[PDB]
Each structure stands twice: as C-alpha cells, then as structure tokens.
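Heads up, the chain below is alone and in the form deposited in one PDB entry; it's given as structure tokens.
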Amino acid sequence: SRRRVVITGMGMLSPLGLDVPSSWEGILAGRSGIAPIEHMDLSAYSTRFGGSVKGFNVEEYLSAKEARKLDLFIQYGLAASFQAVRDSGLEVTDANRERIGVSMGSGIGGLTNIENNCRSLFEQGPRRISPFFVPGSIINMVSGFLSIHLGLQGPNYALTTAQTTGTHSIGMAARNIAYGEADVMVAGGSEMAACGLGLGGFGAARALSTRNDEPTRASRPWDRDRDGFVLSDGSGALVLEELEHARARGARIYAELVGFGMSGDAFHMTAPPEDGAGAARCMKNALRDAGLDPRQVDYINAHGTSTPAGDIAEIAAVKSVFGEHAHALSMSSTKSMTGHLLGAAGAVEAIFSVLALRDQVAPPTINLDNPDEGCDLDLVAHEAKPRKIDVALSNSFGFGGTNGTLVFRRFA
C-alpha cells in the first residue's frame, strides 16, 4: 500500500550557479543569469542570448577522458545527480543498491553532439563519427552513467516529455517509491540545447524572445511586452526516499512530495489552450492525489515561460482551479531569472519550490513592469516576498499538450 516520499537531497547547475545554494541566492536577490551567448557565433540567428552554465568544471565530477565522450546535457545531469546524492548523506551498499534507481530525463538530449557528428559525417565521411556518438548522446545515459558510477541497481529509466520532462521524471520516481518498486530514486532532468539546431529550430518557430539588445529583460512572464521564452541550460536532481527509510537512517528531510498530476491537453502540438483547461485538469489531479483543499496552496512556481499564450493560459488555469483563493496564494516564474531550461525546467523549479518551503519565501517574477490583461494575481513582481508557505505547487506544460504538477508540503 502507498508509501510516503520525502526529499533528502538536491543538486543543480543553472544560469545562476554551479550548485543549489548559489543558484537560490540569485533567485532570492532577483538576479538574471541571461547574457549574450559566447560559446558560438550567433550573428546569423534572430536570438543571440540565453542562460548558459558559467564556469562549469566537469573535473569536479569526472575524468577529462570520460567527460570528452559525453554531451554537455549528460555532464550537467551527472553533476546535479552527484550533488543530490552527496547532499542526501546516503551510502550505497550491497544491502540497498537494488532498492536505489535513477530517472533523469531530457527534452532534446545530445543535440550539440549529434550536430557535431553530423558536421563530421557531411564534410569528412562516416569514418569521422565518434565511436561514443550513441552512448554519449542518447537521453537515457544520465541514468546509465549515474548507475555505473554509484552502483545503483534499482529501476533505471529516462522520460522525454519536452518542457515537462523534469516534473514527470520527479513525479513518476515518487510513484516508484510510493508503490514499493524502489526505496530511493535520483530524479530530475538536464538540458543543453544551445547549439545551431536548437537556437535555429526554436528560432524557425518564432518561439524565442529576440530582445538581443537587453537579454536580462527578455524573460518577462505575464508582462505585456513579452515576446517568447529564453533558452537556458543546466540540470536539477533530487533524492526521493520512502519516509520510513529516511527516518531509519536519520536523514535530513527538506519536504514531503504529497501530490503528482499529469494530464494531456489533446489541443495542439505546441500551443496551450487559451483557457488553460489541460493545466486545470492536471493541478486538480495533483491536489486530489495530495488529499488537499485547494485553499491549502500557499505558493505556485508557475511554468511561466514568457510566451503570450502560455502565460495567460496559466492565469486562467489557476483562477479556474482556486477561485477566490487564486487571489490569496503567491505565484511566480523563476524563468524571469533562469530562463527556460526545457526538460531541466521542472527539476530546478521543483528545487526552488522545496527551498520556498524551507525558507518561507516566495521567489520574485523579475521584469513584471506591466502585468498583461487579466494577470491580476499576486505574481510577486520584482522582489522576493517572505510569507507562510505550508504547501507549494510546481507546474510544467510541454509540446504535445503534456502537463505535470508536483505538490510539496513542509514535513515535521
């Protein structure tokens, strides 16, 4: 019968820091991690900026000889996974290695690597393709390499649900523990889609902010002057753990994961419904899953991508789910500061949601200078808001109409 699940460890690479504490300080101070991109020439692109991971040293984690074989998304995933495990204090042994699994996902995976090998193929021939092209690019290799390095023999898999990946990864890993398939799961996601095909591809679809001359003000969720999402890189990993297993070993518990919802919009390949019907279904699923009155919700970490249709759909979903309580809770998009980490988005945002519970503060939506028509909720414009948070909700919505909601609460 269904077991309870707590968070005992967290790790992160974001545009704001090379770990959780440093990233979280940036969040609470309203700092942007968005800057013109330096790792390639974007003069022929309509978008020339994003949230890069700055000064990442893979040799804090791996040998240069292994690192070279792996796409950045995998390096980022392992760094965050390693951080989360260290932060948990958990020791892998013969007694428990079979009860510890990993579900680290990505939206796009090794696009940089696949592009580079495509270039080698087209310009030089097939004999210049890396022998590591497949194990070093495909999405399940975060879960793979983590299990090899730590000796994790539990359930080993990866989700790819586009911008919903990190939320789904975390939610399903909690279901694994809930149902007895595992006692511990390392779950989240990683993304590094800032190559030509990534920036070009979102560019072709006219989905990205083109504010090349003011990159820190580009991501402006619910602002009337928003013009698309900002593309960001990084990783989030959490250690999820059966409550009694955590209690038995005296683990520090950050929070309890009480709720998980999924739904499909069945509306459009890329556009959300204007009324947020799919998001409303998903949140209601998650709150029912948690046994909650919707009035218990204090804080929502919105998807909040800074697209015209996405942002407004979310307001509608929250108003429809929470009614008059929609006016009492605080909702913010940390994408105002981090940008959109795509498949890692749900992962870093689940960490920020937990930290909102630990520190009792709503992170700000920076750049919200003129809230758009109907965007009249407490969106924590400009500045972090200290406040009572017992229950925090993290939303994600992706291409394919795929929706995810996580529900966290304080644990005593």
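One-based numbering along the sequence shown.
Note that the form deposited with a small molecule bound isn't included here; everything after this is about it.
Engineer: Is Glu60 close enough to the small molecule in the entry with it bound to count, meaning some heavy atom within 4.5 Å?
Structural biologist: So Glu60 counts as contacting the small molecule.
Engineer: Answer for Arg249 alone: is it within 4.5 Å of the small molecule in the entry with it bound, judged on heavy atom distances?
Structural biologist: Result no; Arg249 lies far from the small molecule in the entry with it bound.
Engineer: Would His327 count as a contact of the small molecule in the entry with it bound, using a 4.5 angstroms cut-off between non-hydrogen atoms?
Structural biologist: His327: no contact with the small molecule in the entry with it bound.
Engineer: Give a yes/no on whether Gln75 approaches the small molecule to within 4.5 Å in the entry with it bound, heavy atoms considered.
Structural biologist: Because no heavy atom of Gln75 falls inside 4.5 Å of the small molecule in the entry with it bound, the answer is no.
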